[PDB]
Amino acid sequence: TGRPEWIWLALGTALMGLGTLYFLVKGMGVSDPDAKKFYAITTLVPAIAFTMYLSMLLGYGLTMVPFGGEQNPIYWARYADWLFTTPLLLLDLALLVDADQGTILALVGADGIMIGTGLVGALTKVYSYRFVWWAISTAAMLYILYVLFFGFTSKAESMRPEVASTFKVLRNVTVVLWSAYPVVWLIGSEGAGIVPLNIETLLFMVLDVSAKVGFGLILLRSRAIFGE
Amino acid sequence: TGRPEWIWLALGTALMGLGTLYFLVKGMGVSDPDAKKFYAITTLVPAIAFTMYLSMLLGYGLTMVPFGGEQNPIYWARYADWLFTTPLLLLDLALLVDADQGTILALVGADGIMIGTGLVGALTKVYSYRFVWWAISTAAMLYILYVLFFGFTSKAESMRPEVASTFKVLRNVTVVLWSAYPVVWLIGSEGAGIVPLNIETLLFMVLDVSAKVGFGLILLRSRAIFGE
Amino acid sequence: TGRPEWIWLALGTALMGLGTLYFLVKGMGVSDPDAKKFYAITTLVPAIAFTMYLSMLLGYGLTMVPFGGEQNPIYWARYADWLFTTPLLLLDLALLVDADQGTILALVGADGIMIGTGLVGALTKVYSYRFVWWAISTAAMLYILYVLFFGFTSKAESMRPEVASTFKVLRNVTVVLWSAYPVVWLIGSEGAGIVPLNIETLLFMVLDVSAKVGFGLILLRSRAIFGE
Ligand SMILES: CC(C)CCC[C@@H](C)CCC[C@@H](C)CCC[C@@H](C)CCOC[C@@H](CO)OCC[C@H](C)CCC[C@H](C)CCC[C@H](C)CCCC(C)C
Ligand SMILES: CC(C)CCC[C@@H](C)CCC[C@@H](C)CCC[C@@H](C)CCOC[C@@H](CO)OCC[C@H](C)CCC[C@H](C)CCC[C@H](C)CCCC(C)C
Ligand SMILES: CC(C)CCC[C@@H](C)CCC[C@@H](C)CCC[C@@H](C)CCOC[C@@H](CO)OCC[C@H](C)CCC[C@H](C)CCC[C@H](C)CCCC(C)C
Ligand SMILES: CC(C)CCC[C@@H](C)CCC[C@@H](C)CCC[C@@H](C)CCOC[C@@H](CO)OCC[C@H](C)CCC[C@H](C)CCC[C@H](C)CCCC(C)C
Ligand SMILES: CC(C)CCC[C@@H](C)CCC[C@@H](C)CCC[C@@H](C)CCOC[C@@H](CO)OCC[C@H](C)CCC[C@H](C)CCC[C@H](C)CCCC(C)C
Ligand SMILES: CC(C)CCC[C@@H](C)CCC[C@@H](C)CCC[C@@H](C)CCOC[C@@H](CO)OCC[C@H](C)CCC[C@H](C)CCC[C@H](C)CCCC(C)C
Ligand SMILES: *C/C=C(C)/C=C/C=C(C)/C=C/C1=C(C)CCCC1(C)C
Ligand SMILES: *C/C=C(C)/C=C/C=C(C)/C=C/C1=C(C)CCCC1(C)C
Ligand SMILES: *C/C=C(C)/C=C/C=C(C)/C=C/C1=C(C)CCCC1(C)C
């Protein structure tokens, strides 16, 4: 493994794998149907990331994109991961607050646009246009963060204190960690090329494990996930 | 931009972009959960088309398919657009009439078959077989149009007059505009090659903007989208 | 058709096509909304398989994957089929028993992991790593079979005798036929290469037609699909 970023791909694979097994074991026995939804969503998220980390580690999830005069290593498997795991994370938030279905559809669809335009930007061979896709994807992310802070103002007169409390923490966790991903992309291998791929891969590893396994530990340890 | 169809890709990009912003602004403030569903579906549709028009304009959504002795320019991004936006359009219709879930699943699944076989036909290198996929996809479209006219005969004893009225108009808009897409494909660059790609791109632009932004203006201006 | 497996691809195409038309005709007239769900799911399943069998027959769904020193014919279209039809089959089971939504999401997501890791294994160029993906996919299949036997223990105090009976038979049909697919893959063209592709294609044809058209005949002939 002649790619120096292999260690972070291996560590990411192991930590997503271990978080999947932990959440699997923890959700055994659970009969509350509301809690079963949260365990299924929250366990699927690092299970999908485990498979995509492994595909990067083994090289399957890596391709070379010509741009800027250069053959650029691009890990496309990250977008196949995020396509599914970032709407699932939004679904955990949305279920906490009993979101209306129109709000869930706005969130999941804005998130698909965010990930799909991120992927088009990652694979685009004209260097300047990569950053046009980055901006569109960021605009979709900002929409999602707007909805998470301002789209549930009908949900407060009626929201169990423990649901509000856990939703607040997870929403803060989300806004901080997810906002770092466009920055990493912009300065890393896919963007300006200021931070080398080895470091980029480290940064996404720490973000992903926090946003998936850290997030899910907070959620699944709360009694907000059970019907009262 | 040495592709003469660039002007229609640019115009399509702008009109889908402007229709997205208009519907975004128009749906601000809306609290009625039924109306929020219609705004989310109807706003996502031109937002997705904006991204796919832009990918065609920038060249990312174009590939060359050998067939007929020739390297043929094929805009595959149209199928990535339609994969999502044509079930969303069907969902707006189906929600208007309070469709049963089995009818929604038939519609969304027939539509996936329509778009996916359209894409296989667009990328098929044996010329005669392209038209086998065209026929299968047309058969799926005809099924969808059948369901839209004859699959909601339990929904009339109970259907607000304004819902019936808006559903009738949008269903007519749909049947007329969607039926033109197999014809354009059959005579255009993907099919018989009778109409040049520049004109084909113009035709799909006018159809798409009408079927997305025209459709959505009719829907979102009606009080059929609000619970009574 | 210089591929000896063409006959089984042609036969599979015809049998999925004929089963689609039969289920289409059989579900005409059905007004019971619960029954309409089962007809839509169960009819879409062989309709999707018909398109994917046809794409294999015509060669579109075939690619060459280098591994083991060799250019290996890999029918990738099977994974595009299964991506949709295996969650749909699980949905028919889950609706029979009135599964909780968290259980449905676990099933559909485990199934996506099963098919997507199966596809990564089928396309992986390092021979030994193909079998790592096979094992992960098998682990997801075993999870699905676990849930089908042990995830509905809240659903028995309340389950119409005819629903229990039909669910039991279809679940047995599923466990036996689906468990054969990793074995065929492991000994066939995608794995160890012990069984030639011609025979492999025969085996998957018999499995698919049984698991789709055989399964659906059992389901759609039962009164378990109607609300009582
Ligand atoms: C609910 C159910 C009932 C639904 C039923 C399913 C229904 C659709 C029936 C099955 C049809 C279909 C799924 C199967 C055909 C797959 C098709 C894409 C195959 C083409 O790809 C094969 C290759 C190489 O030979 O061609 C070359 C590849 C091309 C150059 C690429 C062109 C294709 C586009 C890239 C498609 C874009 C779609 C994206 C995957 C959408 C998400 C991506 C995003 C978030 C960035
Ligand atoms: C000029 C540029 C270089 C800067 C780029 C910024 C840009 C990308 C936008 C990001 C802003 C965003 C992170 C802020 C949103 C979170 C927070 C401020 C929201 C406040 O509201 C929530 C409150 C109360 O419930 O809790 C508060 C929740 C938390 C306690 C808020 C704490 C914020 C985080 C601690 C900051 C993230 C830390 C990084 C992940 C560390 C990486 C840096 C590295 C080089 C060591
Ligand atoms: C709800 C959630 C819990 C679900 C969890 C997600 C779960 C599936 C886990 C993730 C696995 C998976 C999504 C990730 C792997 C992606 C896989 C397709 C990668 C293969 O493609 C990489 C390339 C180049 O190196 O190979 C060469 C490319 C090949 C030649 C092409 C073969 C692949 C097929 C084309 C696949 C067909 C699927 C279609 C996109 C379906 C729709 C298309 C249609 C409508 C026309
Ligand atoms: C032989 C071939 C060349 C012809 C190909 C036809 C074939 C592809 C099938 C298409 C038929 C389809 C469009 C008809 C369905 C719509 C309509 C007749 C349905 C009637 O029922 C609805 C009624 C009452 O509510 O309103 C009625 C709704 C509307 C008022 C109906 C009006 C029909 C449209 C005005 C026709 C479409 C116009 C084109 C988009 C213009 C493009 C032509 C260009 C060259 C100028
Ligand atoms: C609900 C709605 C509102 C949602 C709105 C949709 C929203 C996402 C907006 C549309 C964006 C997007 C869908 C369109 C862009 C498609 C994008 C994949 C195009 C890239 O592919 C083009 C090629 C050749 O030029 O590049 C080369 C190809 C690369 C080498 C491959 C890299 C891409 C990955 C393979 C993507 C993996 C995703 C898988 C299809 C997931 C399932 C596969 C699995 C089960 C094995
Ligand atoms: C060492 C290896 C080579 C063996 C590999 C096995 C491995 C892949 C795991 C598979 C085990 C699995 C098929 C068993 C599950 C089914 C069954 C035993 C479950 C019992 O519980 C259900 C009961 C009561 O309702 O009905 C019972 C339901 C049925 C009546 C059970 C009958 C089992 C099937 C008849 C066996 C499958 C037959 C094959 C499809 C035939 C192909 C062989 C060919 C070479 C002729
Ligand atoms: C599980 C992994 C998580 C939570 C990942 C989140 C990823 C994003 C918020 C990605 C955002 C991006 C942009 C806004 C701009 C373009 C680059 C992306 C895709 C990295
Ligand atoms: C937003 C864009 C809309 C409403 C597009 C609709 C597209 C169709 C109805 C496409 C149909 C096709 C056929 C029936 C045959 C094969 C060619 C297609 C995909 C163009
Ligand atoms: C309609 C076709 C059906 C029911 C197909 C089922 C396919 C599976 C159960 C496939 C399973 C696989 C594994 C568990 C290991 C990797 C190889 C696969 C994808 C064939």
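Below, chain A is the first sequence line, B the second, and so on; all start at residue 1. Any value given below was found using the heavy atoms of this structure, including those in side chains, with hydrogens, waters and symmetry copies removed.
A:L54 is listed as a side-chain neighbour of C:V132, based on a closest heavy-atom distance under 4.5 Å. With a 4.5 Å cut-off on side-chain heavy atoms, C:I113 and A:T51 count as touching.
If you take CD1 on C:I136 and OG on A:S55, they are separated by 10.0 Å, rounding to the nearest 0.5 Å. Atom OG of C:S154 is separated from atom CG of A:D32 by 11.0 Å, given to the nearest 0.5 angstrom. Going from atom OG1 of C:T117 over to atom CE of A:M52 covers 8.0 Å, rounded to the nearest 0.5 Å. A distance of 9.0 Å separates OH of A:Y60 from CH2 of C:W133, quoted to the nearest 0.5 Å. If you take CG on C:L105 and NZ on A:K36, they are separated by 12.5 Å, rounding to the nearest 0.5 Å.
Proximity to chain A is limited to the backbone of C:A110, based on heavy atoms less than 4.5 angstrom apart. The contact between C:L123 and chain A is made by backbone and side chain atoms together, counting heavy-atom distances below 4.5 Å. Residue contact with chain C, scored on non-hydrogen atoms closer than 4.5 Å, involves the side chain of A:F50 exclusively.
For C:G102 against A:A40, the heavy-atom pair with the smallest separation is O-CB, 3.4 Å.
Around atom CD of A:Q101, no more than 12 heavy atoms belonging to other residues, nucleotides or ligands sit under 6.0 Å away. Shown here is C:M64, whose CE atom has more than 12 heavy atoms of other residues, nucleotides or ligands within 6.0 Å.
Most heavy-atom pairs under 4.5 Å with chain C: of the set A:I41, A:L58, A:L88, this distinction falls to A:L58.
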